[PDB]
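Step one of this worksheet: look at the structure below.
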Amino acid sequence: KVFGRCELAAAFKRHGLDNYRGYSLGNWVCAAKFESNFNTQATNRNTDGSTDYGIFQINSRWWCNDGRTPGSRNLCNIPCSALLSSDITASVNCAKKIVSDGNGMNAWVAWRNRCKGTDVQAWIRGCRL
């Protein structure tokens, strides 16, 4: 499923992401935009053989099991395919664990390079929330 900007903001809010660990809603919408273009089905393989899944591009080396990443830790205890569902619940529960890991949202390279320090409030502007 390809989410609309405000539709995703609303889903994120209902799922308790607004200000989770101090990160406002605009931060999460901005990260989803640049990581997957709001597409739950997005996947991308890395040079190390691992693969990134879903809206938040969660990595198979540490967070989920895809059956083809030697030494995956599967910290979110879920098959990576679950992260591609139109129901964002799994993606959200796993992202919450990732952001609590100690590096905050820096864990997401696109967030660090394209959202961090920018006017992220623009991402939820105009939305009924």
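Readers should treat all values here as calculations from the given coordinates under stated rules, not as data from a laboratory. All Cβ positions, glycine included, derive from the backbone under ideal geometry; neighbour counts span all protein chains shown.
Key figures
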| read-out | value |
| --- | --- |
| Between helix 25-36 and the chain: long-axis angle, C-alpha atoms, 0 to 90°, nearest 10 | 50 |
| Estimated dipole of the chain in Debye, rounded to 20 [Cβ of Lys and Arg +1, of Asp and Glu -1, Cα centre] | 200 |
| Relative contact order of region 5-72, pairs being alpha-carbon contacts under 8 Å that are 6 or more residues apart, as % | 19 |
| Ranked packing of 64-73, 91-100, most packed first, by mean Cβ within 10 Å | 91-100, 64-73 |
| Rounded to 10°, Cα long-axis angle of helix 5-14 versus longest principal axis of the chain | 80 |
| Residue-count net charge about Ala42 - beta-carbon cut-off 12 Å; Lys, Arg +1, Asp, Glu -1 | +1 |
| Residues of region 60-88 with amide N under 18 Å of a point placed 7 Å along Cα→Cβ from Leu129 | 88 |
| On Cα atoms only, tilt of 89-99 relative to the major axis of the chain in degrees | 90 |
| Volume of the Cα convex hull of the chain, divided per residue and given in Å³ | 94 |
